[PDB]
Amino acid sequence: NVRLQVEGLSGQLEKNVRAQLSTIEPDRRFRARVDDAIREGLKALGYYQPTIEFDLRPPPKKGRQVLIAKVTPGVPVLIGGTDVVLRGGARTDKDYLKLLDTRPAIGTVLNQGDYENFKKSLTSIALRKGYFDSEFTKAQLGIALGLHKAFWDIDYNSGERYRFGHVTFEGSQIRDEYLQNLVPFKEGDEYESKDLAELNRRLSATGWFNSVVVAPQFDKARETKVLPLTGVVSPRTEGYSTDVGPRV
């Protein structure tokens, strides 16, 4: 029942380590696993060559057995260059241009998560806006430890923005003309993921169905850039005398 203690660390570094530590659950094998863990925490934050000296304290009177680890981060890797190219609709797209500005400046300390996040952001704007052919020609976080420098190389192609095709409904007790009135976009409008959510919600506001499943048809779209939707719905169906005769 062992306690890890880290001395020598401060700030964000301290936290990224401590976190990386509670990760594990007292011999040389276990100590090495601790050394590894501390090293992962520092790399992510730009420290590839630290020093870790362990002091293992004897199983105490009673209570909890301390393993200290005294850490000197050392010299950090700095961003020495970014080469990010955006091709396809992303080249001029307001949100891809916005993201391009969050690249780190030459000279700042390497943070791997900035790089991980950045790539995840491009994929996320692509999915929200229908750039379904989105691909990276290159995507490399390179570390030249000779130079203490890190380089981003990203060559990213959004491709063209797909367009909404026709919505076909099936199972419905409501006639098509009326479903078609509810679709929040015109055929040939540029895709936007939030219009799928708004289609779902408009459908629900009518009370007509108790189930809808809206499936984009990708198999076609791949080569026309027009995405038909299929909406499979299941309908929801749940004082005076009848014995009044007619006017005689």
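Start at 1 and count along the sequence shown; that's the residue number.
- Deposited sequence between residue 238 and residue 239: 4 to 9 residues lack coordinates.
- Of the two segments, 145-153 and 67-75, the one listed with the higher mean B-factor is 67-75 (C-alpha atoms only).
- Comparing the deposited coordinates for 190-198 and 46-54, the stretch with the larger average C-alpha B-factor is 46-54.
- Each of 185, 30, 218, 209 has a CA temperature factor in the record; the biggest one is found at 30.
- Ranked by C-alpha B-factor against the other modelled residues of its chain, residue 229 falls in the lowest third.
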